[PDB]
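Chemist: This is final.csv, which holds CSV, C-alpha atoms and all ligand atoms:
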```
chain,number,residue,atom,x,y,z
A,1,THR,CA,-6.3,41.6,-223.0
A,2,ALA,CA,-4.6,44.6,-221.3
A,3,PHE,CA,-6.1,48.0,-220.1
A,4,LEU,CA,-3.8,50.9,-221.1
A,5,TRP,CA,-4.3,54.1,-218.9
A,6,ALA,CA,-2.8,57.0,-216.9
A,7,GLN,CA,-4.4,58.4,-213.7
A,8,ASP,CA,-3.6,61.0,-211.0
A,9,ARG,CA,-3.4,60.0,-207.3
A,10,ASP,CA,-7.2,60.0,-206.8
A,11,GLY,CA,-7.9,57.9,-210.0
A,12,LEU,CA,-8.8,60.9,-212.3
A,13,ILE,CA,-8.3,60.2,-216.1
A,14,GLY,CA,-10.1,63.0,-218.0
A,15,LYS,CA,-11.4,66.6,-218.1
A,16,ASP,CA,-13.8,68.2,-220.7
A,17,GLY,CA,-13.1,65.4,-223.3
A,18,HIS,CA,-9.3,65.8,-223.1
A,19,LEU,CA,-6.4,64.8,-220.7
A,20,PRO,CA,-6.3,66.7,-217.3
A,21,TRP,CA,-2.4,67.1,-217.7
A,22,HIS,CA,0.2,67.2,-220.5
A,23,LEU,CA,2.8,64.4,-219.8
A,24,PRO,CA,5.0,63.7,-223.0
A,25,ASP,CA,7.0,60.7,-221.4
A,26,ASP,CA,3.7,58.8,-220.9
A,27,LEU,CA,2.4,59.6,-224.5
A,28,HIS,CA,5.8,58.3,-225.9
A,29,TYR,CA,5.0,55.0,-223.9
A,30,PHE,CA,1.3,55.1,-225.2
A,31,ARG,CA,2.8,55.0,-228.8
A,32,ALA,CA,5.1,51.9,-228.2
A,33,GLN,CA,3.1,49.9,-225.6
A,34,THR,CA,0.6,49.9,-228.6
A,35,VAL,CA,3.0,50.0,-231.8
A,36,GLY,CA,1.7,46.8,-233.6
A,37,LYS,CA,-1.3,45.8,-231.4
A,38,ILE,CA,-5.1,46.1,-231.7
A,39,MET,CA,-5.8,49.3,-229.9
A,40,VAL,CA,-9.5,49.7,-228.8
A,41,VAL,CA,-10.9,53.2,-227.9
A,42,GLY,CA,-14.3,54.7,-227.4
A,43,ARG,CA,-15.5,57.2,-230.1
A,44,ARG,CA,-14.9,60.3,-227.8
A,45,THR,CA,-11.2,59.3,-226.9
A,46,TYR,CA,-10.7,58.6,-230.7
A,47,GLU,CA,-11.9,62.2,-231.7
A,48,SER,CA,-9.6,63.8,-229.0
A,49,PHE,CA,-6.4,62.2,-230.5
A,50,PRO,CA,-4.5,65.1,-232.5
A,51,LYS,CA,-3.8,62.7,-235.5
A,52,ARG,CA,-6.8,60.6,-236.5
A,53,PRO,CA,-5.8,57.6,-236.8
A,54,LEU,CA,-2.5,57.6,-234.8
A,55,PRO,CA,-0.3,55.2,-237.0
A,56,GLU,CA,1.5,51.7,-236.9
A,57,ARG,CA,-1.3,50.0,-234.9
A,58,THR,CA,-4.9,48.9,-235.6
A,59,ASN,CA,-7.2,51.6,-234.2
A,60,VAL,CA,-10.6,50.0,-233.4
A,61,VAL,CA,-13.3,52.7,-232.6
A,62,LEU,CA,-16.4,51.6,-230.6
A,63,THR,CA,-19.4,53.9,-231.6
A,64,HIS,CA,-23.3,53.4,-231.4
A,65,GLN,CA,-23.6,55.7,-234.6
A,66,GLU,CA,-24.3,53.1,-237.5
A,67,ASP,CA,-23.0,55.7,-240.2
A,68,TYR,CA,-19.7,56.9,-238.3
A,69,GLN,CA,-16.7,57.4,-240.6
A,70,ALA,CA,-13.1,56.9,-239.6
A,71,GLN,CA,-11.0,56.2,-242.7
A,72,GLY,CA,-8.1,53.8,-241.8
A,73,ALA,CA,-9.7,52.7,-238.4
A,74,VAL,CA,-11.9,49.6,-237.7
A,75,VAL,CA,-15.4,51.0,-236.8
A,76,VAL,CA,-17.5,48.5,-234.8
A,77,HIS,CA,-20.7,48.9,-232.7
A,78,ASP,CA,-20.6,46.3,-229.9
A,79,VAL,CA,-18.0,44.3,-227.8
A,80,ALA,CA,-18.8,40.9,-229.7
A,81,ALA,CA,-17.5,42.7,-232.9
A,82,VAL,CA,-14.2,43.7,-231.2
A,83,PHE,CA,-13.6,40.0,-230.1
A,84,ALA,CA,-14.8,38.7,-233.6
A,85,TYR,CA,-12.0,41.1,-235.0
A,86,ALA,CA,-9.3,39.9,-232.4
A,87,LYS,CA,-10.2,36.2,-233.3
A,88,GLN,CA,-9.3,37.0,-237.0
A,89,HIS,CA,-5.8,38.2,-236.1
A,90,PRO,CA,-4.4,35.6,-233.4
A,91,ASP,CA,-0.8,37.2,-233.5
A,92,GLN,CA,-1.8,40.9,-232.4
A,93,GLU,CA,-2.5,41.5,-228.6
A,94,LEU,CA,-5.6,43.4,-227.6
A,95,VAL,CA,-5.1,46.7,-225.6
A,96,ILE,CA,-8.1,48.7,-224.3
A,97,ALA,CA,-7.0,52.3,-224.2
A,98,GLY,CA,-10.2,53.9,-222.9
A,99,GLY,CA,-12.1,56.1,-221.9
A,100,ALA,CA,-14.3,55.2,-218.9
A,101,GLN,CA,-17.4,53.9,-220.9
A,102,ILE,CA,-15.1,51.5,-222.8
A,103,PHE,CA,-13.2,50.3,-219.7
A,104,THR,CA,-16.7,49.5,-218.2
A,105,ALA,CA,-17.6,47.5,-221.5
A,106,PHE,CA,-14.4,45.2,-221.2
A,107,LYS,CA,-14.3,45.2,-217.3
A,108,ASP,CA,-14.8,41.3,-217.2
A,109,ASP,CA,-12.2,40.3,-219.9
A,110,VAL,CA,-9.1,42.3,-218.7
A,111,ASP,CA,-6.1,40.1,-217.6
A,112,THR,CA,-3.3,42.8,-217.3
A,113,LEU,CA,-3.3,46.5,-216.1
A,114,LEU,CA,-0.8,48.9,-217.7
A,115,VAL,CA,-1.3,51.9,-215.3
A,116,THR,CA,0.7,55.1,-215.1
A,117,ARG,CA,0.2,56.7,-211.7
A,118,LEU,CA,0.8,60.5,-211.4
A,119,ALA,CA,2.0,61.7,-207.9
A,120,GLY,CA,-0.2,64.8,-208.0
A,121,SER,CA,-3.9,65.8,-208.1
A,122,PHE,CA,-5.6,67.4,-211.1
A,123,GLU,CA,-9.1,68.8,-211.6
A,124,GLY,CA,-11.4,67.0,-214.1
A,125,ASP,CA,-14.6,65.1,-214.5
A,126,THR,CA,-13.8,61.4,-215.5
A,127,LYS,CA,-12.2,58.8,-213.2
A,128,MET,CA,-11.0,55.3,-213.8
A,129,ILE,CA,-13.6,52.6,-213.3
A,130,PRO,CA,-13.5,50.6,-209.9
A,131,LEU,CA,-11.4,47.3,-210.2
A,132,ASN,CA,-10.7,44.4,-207.8
A,133,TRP,CA,-6.9,45.3,-207.2
A,134,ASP,CA,-6.8,42.3,-204.7
A,135,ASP,CA,-7.3,39.9,-207.8
A,136,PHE,CA,-4.0,41.2,-209.5
A,137,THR,CA,-0.3,41.2,-208.5
A,138,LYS,CA,2.0,44.2,-209.3
A,139,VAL,CA,4.7,42.6,-211.3
A,140,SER,CA,6.8,45.6,-212.4
A,141,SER,CA,7.1,49.3,-211.2
A,142,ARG,CA,9.4,52.0,-212.7
A,143,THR,CA,9.3,55.6,-211.4
A,144,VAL,CA,10.1,58.7,-213.6
A,145,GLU,CA,10.6,62.0,-211.7
A,146,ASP,CA,9.4,65.3,-213.5
A,147,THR,CA,10.5,68.9,-212.6
A,148,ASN,CA,6.8,69.7,-212.1
A,149,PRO,CA,6.4,67.3,-208.9
A,150,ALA,CA,2.6,66.6,-209.6
A,151,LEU,CA,3.9,64.9,-212.9
A,152,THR,CA,6.4,62.5,-211.3
A,153,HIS,CA,4.9,59.1,-212.3
A,154,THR,CA,5.2,55.3,-211.8
A,155,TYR,CA,4.6,52.8,-214.7
A,156,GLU,CA,3.1,49.6,-213.1
A,157,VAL,CA,2.3,46.3,-214.8
A,158,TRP,CA,-0.3,44.2,-212.9
A,159,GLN,CA,-1.3,40.6,-213.9
A,160,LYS,CA,-4.4,38.7,-212.8
A,161,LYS,CA,-3.9,35.9,-210.1
A,162,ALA,CA,-4.9,32.1,-210.9
B,201,LIG,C1,-6.6,62.6,-226.1
B,201,LIG,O1,-5.2,62.8,-225.6
B,201,LIG,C2,-4.5,61.7,-225.6
B,201,LIG,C3,-4.7,60.7,-224.6
B,201,LIG,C4,-4.0,59.5,-224.6
B,201,LIG,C5,-4.5,58.6,-223.5
B,201,LIG,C6,-3.5,58.0,-222.6
B,201,LIG,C7,-2.1,58.5,-222.5
B,201,LIG,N1,-1.2,57.8,-221.9
B,201,LIG,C8,-1.5,56.7,-221.3
B,201,LIG,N2,-0.5,56.0,-220.8
B,201,LIG,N3,-2.7,56.1,-221.3
B,201,LIG,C9,-3.7,56.7,-221.9
B,201,LIG,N4,-4.9,56.1,-221.9
B,201,LIG,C10,-3.1,59.3,-225.6
B,201,LIG,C11,-2.9,60.3,-226.6
B,201,LIG,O2,-2.0,60.1,-227.7
B,201,LIG,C12,-0.9,59.2,-227.8
B,201,LIG,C13,0.0,59.9,-228.9
B,201,LIG,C14,1.0,59.0,-229.6
B,201,LIG,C15,1.8,59.8,-230.7
B,201,LIG,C16,3.1,60.4,-230.2
B,201,LIG,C17,2.9,61.4,-229.0
B,201,LIG,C18,4.1,62.0,-228.5
B,201,LIG,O3,4.9,62.6,-229.2
B,201,LIG,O4,4.4,61.9,-227.2
B,201,LIG,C19,2.0,59.0,-232.0
B,201,LIG,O5,2.2,59.7,-233.1
B,201,LIG,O6,2.0,57.8,-232.0
B,201,LIG,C20,-3.5,61.5,-226.5
B,201,LIG,BR1,-3.1,62.9,-227.7
```
Re-express the file's structure as structure tokens.
Modeler:
Amino acid sequence: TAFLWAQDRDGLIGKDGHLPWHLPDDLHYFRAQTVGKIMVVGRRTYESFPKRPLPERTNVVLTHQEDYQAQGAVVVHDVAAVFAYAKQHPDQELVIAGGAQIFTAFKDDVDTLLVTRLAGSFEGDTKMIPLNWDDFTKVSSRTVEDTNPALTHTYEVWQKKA
């Protein structure tokens, strides 16, 4: 299982139910880090995607609303239904794309961290969840410089130690 996210310097992830920034290079990497996989999102992060569902992946939407309708997405109500879906498909990797209430609900079962780190600081209201960064190694780090310098970003792959 991987966590897919992008933060600012301080660990901010969201503002007012949307992204605090617009970064196109990172949302092209959101597409193709999840083209083909089982993508898990909380119900609020699903509703804030422009296309609903976004294509070519399984979108799994976690919601406590028994009646919630998302045509073409896998609508489930608890974590044990996400893993009971992921057990049915042994060839598709599980990717937890957020927000903060879903990254709490799979905190214990993550093995990889796919972080984008923005060099700047943005205003918002949601942070990334606290994680034991000492339990993971940074394997791979690739920087991309943007002509807005707050938007210069590093893509970092972390993998959990034995
Ligand atoms: C709510 O706002 C968003 C937040 C994210 C969240 C997010 C972004 N980036 C990263 N790396 N981690 C995240 N958790 C993704 C997203 O759409 C991904 C869009 C993929 C599009 C192509 C987008 C593009 O043209 O760049 C597609 O059609 O597959 C949107 Br819109």
Chemist: Counting all atoms listed in the file, which protein, DNA or RNA residues come within 9 Å of ligand LIG 201 (chain B), given as an NGL selection string?
Modeler: :A and (3-7 or 13-14 or 17-19 or 22-35 or 41 or 44-51 or 54-57 or 96-99 or 114-116 or 155)
Chemist: I'd like the contact shell of range 72-82 of chain A - 9 Å cut-off, only C-alpha atoms, skipping same-chain residues fewer than 5 positions apart - returned as a compact mmCIF listing (two decimals) with C-alpha atoms, keeping the file's coordinate frame.
Modeler:
```txt
# COMPACT_ATOMS: atom_id res chain seq x y z
CA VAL A 40 -9.50 49.70 -228.80
CA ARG A 52 -6.80 60.60 -236.50
CA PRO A 53 -5.80 57.60 -236.80
CA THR A 58 -4.90 48.90 -235.60
CA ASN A 59 -7.20 51.60 -234.20
CA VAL A 60 -10.60 50.00 -233.40
CA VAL A 61 -13.30 52.70 -232.60
CA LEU A 62 -16.40 51.60 -230.60
CA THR A 63 -19.40 53.90 -231.60
CA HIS A 64 -23.30 53.40 -231.40
CA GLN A 65 -23.60 55.70 -234.60
CA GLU A 66 -24.30 53.10 -237.50
CA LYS A 87 -10.20 36.20 -233.30
CA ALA A 105 -17.60 47.50 -221.50
CA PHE A 106 -14.40 45.20 -221.20
```
Chemist: Rounded to one decimal place, report the CA of residue 101 in chain A-CA of residue 42 in chain A distance in Å.
Modeler: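 If I compute the distance from CA of residue 101 in chain A to CA of residue 42 in chain A, I get 7.2 Å.
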Chemist: Work out how far CA of residue 102 in chain A is from CA of residue 2 in chain A, in Å to one decimal.
Modeler: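 Computed distance, CA of residue 2 in chain A to CA of residue 102 in chain A, equals 12.7 Å.
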Chemist: Name the residues in contact with range 121-132 of chain A at a cut-off of 8 Å, using only C-alpha atoms, excluding same-chain residues fewer than 2 positions from it; report them as a VMD selection string.
Modeler: chain A and resid 7 to 16 20 to 21 100 103 to 104 107 118 to 119 134 to 136 150
Chemist: By how many Å are CA of residue 133 in chain A and CA of residue 159 in chain A apart?
Modeler: 9.9 Å
Chemist: Limit the output to C-alpha atoms and give range 32-144 of chain A as an mmCIF file, in the first residue's frame.
Modeler:
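So the final result, stored in decode_23.cif, reads:
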```cif
data_model
loop_
_atom_site.group_PDB
_atom_site.id
_atom_site.type_symbol
_atom_site.label_atom_id
_atom_site.label_comp_id
_atom_site.auth_asym_id
_atom_site.auth_seq_id
_atom_site.Cartn_x
_atom_site.Cartn_y
_atom_site.Cartn_z
ATOM 1 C CA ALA A 32 0.100 8.194 -14.044
ATOM 2 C CA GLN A 33 1.301 7.191 -10.519
ATOM 3 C CA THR A 34 -2.380 5.915 -10.387
ATOM 4 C CA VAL A 35 -3.076 4.931 -14.171
ATOM 5 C CA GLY A 36 -4.155 1.254 -13.580
ATOM 6 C CA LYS A 37 -4.201 0.968 -9.724
ATOM 7 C CA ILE A 38 -6.885 0.910 -6.997
ATOM 8 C CA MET A 39 -7.061 4.560 -5.977
ATOM 9 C CA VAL A 40 -8.739 5.161 -2.543
ATOM 10 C CA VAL A 41 -10.105 8.623 -1.700
ATOM 11 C CA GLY A 42 -12.375 10.017 0.997
ATOM 12 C CA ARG A 43 -15.808 11.204 -0.194
ATOM 13 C CA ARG A 44 -14.877 14.953 0.098
ATOM 14 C CA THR A 45 -11.614 14.600 -2.010
ATOM 15 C CA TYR A 46 -13.724 12.559 -4.592
ATOM 16 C CA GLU A 47 -16.393 15.413 -4.944
ATOM 17 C CA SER A 48 -13.581 18.075 -5.401
ATOM 18 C CA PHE A 49 -12.082 16.223 -8.517
ATOM 19 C CA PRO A 50 -13.265 18.204 -11.776
ATOM 20 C CA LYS A 51 -14.172 14.914 -13.613
ATOM 21 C CA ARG A 52 -16.039 12.403 -11.384
ATOM 22 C CA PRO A 53 -14.660 9.606 -11.746
ATOM 23 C CA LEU A 54 -11.224 10.508 -13.143
ATOM 24 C CA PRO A 55 -10.607 7.588 -15.752
ATOM 25 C CA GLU A 56 -8.284 4.516 -16.356
ATOM 26 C CA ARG A 57 -7.990 3.518 -12.614
ATOM 27 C CA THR A 58 -10.379 2.012 -10.055
ATOM 28 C CA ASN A 59 -11.734 4.927 -7.917
ATOM 29 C CA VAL A 60 -12.805 3.606 -4.487
ATOM 30 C CA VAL A 61 -14.735 6.230 -2.480
ATOM 31 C CA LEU A 62 -14.975 5.798 1.317
ATOM 32 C CA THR A 63 -18.268 7.392 2.655
ATOM 33 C CA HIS A 64 -20.430 6.756 5.855
ATOM 34 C CA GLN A 65 -23.600 7.663 3.722
ATOM 35 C CA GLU A 66 -25.274 4.156 3.041
ATOM 36 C CA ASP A 67 -27.150 5.612 -0.051
ATOM 37 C CA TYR A 68 -24.222 7.599 -1.687
ATOM 38 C CA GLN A 69 -24.140 7.353 -5.488
ATOM 39 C CA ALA A 70 -21.007 7.510 -7.588
ATOM 40 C CA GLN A 71 -21.599 5.802 -10.992
ATOM 41 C CA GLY A 72 -18.443 4.020 -12.203
ATOM 42 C CA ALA A 73 -16.668 4.274 -8.703
ATOM 43 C CA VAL A 74 -16.535 1.472 -5.982
ATOM 44 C CA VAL A 75 -18.522 2.994 -3.055
ATOM 45 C CA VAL A 76 -17.646 1.315 0.314
ATOM 46 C CA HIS A 77 -18.257 2.260 3.957
ATOM 47 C CA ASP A 78 -15.279 0.991 6.073
ATOM 48 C CA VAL A 79 -11.542 0.046 5.688
ATOM 49 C CA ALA A 80 -12.309 -3.820 5.867
ATOM 50 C CA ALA A 81 -14.365 -3.348 2.602
ATOM 51 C CA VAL A 82 -11.369 -1.585 0.867
ATOM 52 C CA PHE A 83 -9.025 -4.544 1.759
ATOM 53 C CA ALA A 84 -11.806 -7.144 0.873
ATOM 54 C CA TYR A 85 -11.900 -5.367 -2.624
ATOM 55 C CA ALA A 86 -7.970 -5.268 -2.885
ATOM 56 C CA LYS A 87 -7.911 -9.081 -2.026
ATOM 57 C CA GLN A 88 -10.287 -9.762 -5.067
ATOM 58 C CA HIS A 89 -7.803 -8.025 -7.514
ATOM 59 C CA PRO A 90 -4.162 -9.351 -6.524
ATOM 60 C CA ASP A 91 -2.533 -7.686 -9.641
ATOM 61 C CA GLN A 92 -3.640 -3.949 -8.954
ATOM 62 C CA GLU A 93 -1.547 -2.003 -6.326
ATOM 63 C CA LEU A 94 -3.414 -0.006 -3.627
ATOM 64 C CA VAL A 95 -2.762 3.749 -3.493
ATOM 65 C CA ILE A 96 -4.362 5.965 -0.780
ATOM 66 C CA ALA A 97 -4.750 9.418 -2.301
ATOM 67 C CA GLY A 98 -6.370 11.248 0.663
ATOM 68 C CA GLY A 99 -7.518 13.534 2.293
ATOM 69 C CA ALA A 100 -6.479 13.682 5.949
ATOM 70 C CA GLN A 101 -9.412 11.620 7.431
ATOM 71 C CA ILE A 102 -8.564 8.739 4.946
ATOM 72 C CA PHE A 103 -4.790 8.951 5.579
ATOM 73 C CA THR A 104 -5.669 8.503 9.350
ATOM 74 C CA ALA A 105 -7.939 5.421 8.514
ATOM 75 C CA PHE A 106 -4.982 3.602 6.641
ATOM 76 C CA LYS A 107 -2.063 5.054 8.873
ATOM 77 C CA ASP A 108 -1.072 1.481 10.086
ATOM 78 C CA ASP A 109 -1.067 -0.352 6.720
ATOM 79 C CA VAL A 110 1.108 2.078 4.569
ATOM 80 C CA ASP A 111 4.498 0.681 3.349
ATOM 81 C CA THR A 112 5.527 3.452 0.775
ATOM 82 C CA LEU A 113 5.230 7.290 0.755
ATOM 83 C CA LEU A 114 4.851 9.099 -2.587
ATOM 84 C CA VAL A 115 5.278 12.701 -1.367
ATOM 85 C CA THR A 116 5.568 15.873 -3.477
ATOM 86 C CA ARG A 117 7.173 18.622 -1.305
ATOM 87 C CA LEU A 118 6.556 22.283 -2.394
ATOM 88 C CA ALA A 119 9.392 24.719 -1.457
ATOM 89 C CA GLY A 120 6.853 27.483 -0.445
ATOM 90 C CA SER A 121 4.217 28.119 2.196
ATOM 91 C CA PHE A 122 0.481 28.412 1.390
ATOM 92 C CA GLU A 123 -2.559 29.263 3.583
ATOM 93 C CA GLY A 124 -5.149 26.577 4.234
ATOM 94 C CA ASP A 125 -6.834 24.434 6.866
ATOM 95 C CA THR A 126 -5.842 20.707 6.324
ATOM 96 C CA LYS A 127 -2.359 19.254 6.999
ATOM 97 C CA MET A 128 -0.861 15.860 6.363
ATOM 98 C CA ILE A 129 -1.280 13.431 9.244
ATOM 99 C CA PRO A 130 1.865 12.901 11.567
ATOM 100 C CA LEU A 131 4.036 9.879 10.462
ATOM 101 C CA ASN A 132 7.153 8.129 11.901
ATOM 102 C CA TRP A 133 9.660 9.386 9.109
ATOM 103 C CA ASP A 134 12.427 7.516 11.107
ATOM 104 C CA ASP A 135 10.691 4.122 10.137
ATOM 105 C CA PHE A 136 11.118 4.876 6.320
ATOM 106 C CA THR A 137 14.163 5.421 4.019
ATOM 107 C CA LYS A 138 14.072 8.086 1.221
ATOM 108 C CA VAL A 139 14.922 5.922 -1.825
ATOM 109 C CA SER A 140 14.415 8.437 -4.742
ATOM 110 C CA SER A 141 14.275 12.273 -4.899
ATOM 111 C CA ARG A 142 13.694 14.305 -8.152
ATOM 112 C CA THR A 143 13.406 18.167 -8.043
ATOM 113 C CA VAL A 144 11.391 20.254 -10.580
#
```
